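Only the coordinates and a few stated rules stand behind these numbers; no lab work does. Ideal geometry is used to build each Cβ from the backbone, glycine not excepted, and the neighbour counts take in all protein chains shown.
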Ligand SMILES: C=CCO[C@]1(C(=O)O)C[C@@H](O[C@]2(C(=O)O)C[C@@H](O)[C@@H](O)[C@@H]([C@H](O)CO[C@]3(C(=O)O)C[C@@H](O)[C@@H](O)[C@@H]([C@H](O)CO)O3)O2)[C@@H](O)[C@@H]([C@H](O)CO)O1
Ligand SMILES: [Mg+2]
Ligand SMILES: [Mg+2]
Ligand SMILES: [Zn+2]
């Protein structure tokens, strides 16, 4: 049993700043004979497979930028990123290979950027869905920051909480924003009883709700 | 070029069995140890097993989490790596990666998993396989469109736009499970001068049901 732990679990840093993350093993990973620490770092960006960054604790894989530096020895190791770039958003794992292989729990690196208001789009149910008796109403909330946001659905002016399913994207690797999708699912029967459908977004970038709506007679 | 391709993932009932494969090329297979690593949705990587190279007699090792339950093997004539999985449980639901491991007999030896496949997804569940319904999202300078991929099981589905030719300005939202069915959506933002004058189509695949859909987004 070699236990691996990492710190912090997550953090956020502005582009251009320094990032420091830590890795500990429950026993030394140092082969004193060969003077090698059996400790590697892997980078996993959203929806991608892990990628080898560092091995033997401090050797950069070919093609890895020099802003990434691994250090430490024995039981304590550090991955440092000087001048973080937007594209560096990812989970970083450390892994011992002194005794079989064990990964740490990972450190989630996110990027701080200026606040940005969400761009809100609403979409009525498709006729192809309606034909089968369902009615889903969709609102996209794109390219906002910070991640904290609330969406309220209203039907004929009254809030509807049941039947809503929300999903957030991982941070955008280009512009460091977030996006969210909110889908309200009704039956066709219920959908046809009302006229006005509205999604209201609450975000720190606006004192008033950010609202999109439609009526069933357009 | 080093290539690793996993296959064989899918839906399997609790207590059932499944065998994953990993096709390799671009290197001398028998010179290398090979590992399997898994990752449940939203969780950390977990190393599972390796099999050593020819020099070491192709011996195997396992994490305690799977030893006695999973069997790693290789076929050196067709350069495949396999993982036989038995008595599967919900905790075994995850994406499984094969990764090229070490060759300590090499002058260029270093200790790491240097190449990884795209991964193959496994879901351990008694729920039935259900194909997605795919619905267009069209509005009632720039214009945002989308596709709603609703009511499928199991994960995953893939979504592209215009066969991958539209990639920037695309957001595909992580699937959400509700009542044993997944739903996800994808938005795409393009110049208004290009839609609907140019065609915008979402391409959706659901491997578990062999579903392939093309849904053209039309004004309406
Ligand atoms: C004389 C060479 C020692 O290492 C090798 C070799 O170069 O042929 C490889 C070595 O590899 C593996 C293995 O289990 O196959 C995988 C590799 O990634 C590492 O995990 C190493 C371990 O670090 C080896 O640790 C041990 C060992 O089990 O041999 C035990 C440790 O407690 C310590 O004693 C080290 C020792 O400090 C090494 O000098 O050895 O393992 C492995 O295949 C060994 C082989 O066991 C040697 O008989 O050969
Ligand atoms: Mg009502
Ligand atoms: Mg965007
Ligand atoms: Zn052994």
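Report, as an integer, the average count of C-beta atoms from other chains found within 10 Å of each Cβ along B:42-48. Mind dumping the intermediate values first?
Numbers: counts 0, 2, 9, 12, 3, 7, 2.
Counting Cβ atoms of other protein chains within 10 Å of each residue's Cβ and averaging gives 5.
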Extension gain (nm, one decimal) between residue A:85 and residue A:204, 0.36 nm per residue minus Cα-Cα: 40.3 nm
Distance (nanometres) between label positions extended 7 Å along Cα→Cβ at residue B:31 and residue A:99: 3.2
Förster-model FRET efficiency, 30 Å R0, residue A:20 and residue B:109, C-beta, rounded to 0.05: 0.50
Separation in nanometres of the label points that stand 7 Å from Cα toward Cβ, at residue B:199 and residue B:181: 2.9
For residues of A:124-132, the mean tally of beta carbons on other chains within 10 Å: 4
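Based on the Cβ-Cβ distance from residue B:55 to residue B:167, what FRET efficiency comes out when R0 is 41 Å, to the nearest 0.05?
Numbers: r = 44 Å, r/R0 = 1.06.
About 0.40, to the nearest 0.05.
Averaged across A:94-103, how many Cβ atoms of other chains sit within 10 Å of each residue's Cβ atom?
Numbers: counts 0, 5, 2, 8, 1, 1, 9, 15, 4, 7.
Partner-chain Cβ atoms within 10 Å, mean over residues of A:94-103: 5.
Using a Förster radius of 30 Å, what is the FRET efficiency between residue B:43 and residue A:27 based on their Cβ-Cβ separation? Nearest 0.05, please. Please report the intermediate quantities before stating the final value.
Details: r = 24 Å, r/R0 = 0.80.
About 0.80, to the nearest 0.05.
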Alpha-carbon centroids, the range A:1-25 and the range B:138-185: separation in whole Å: 32
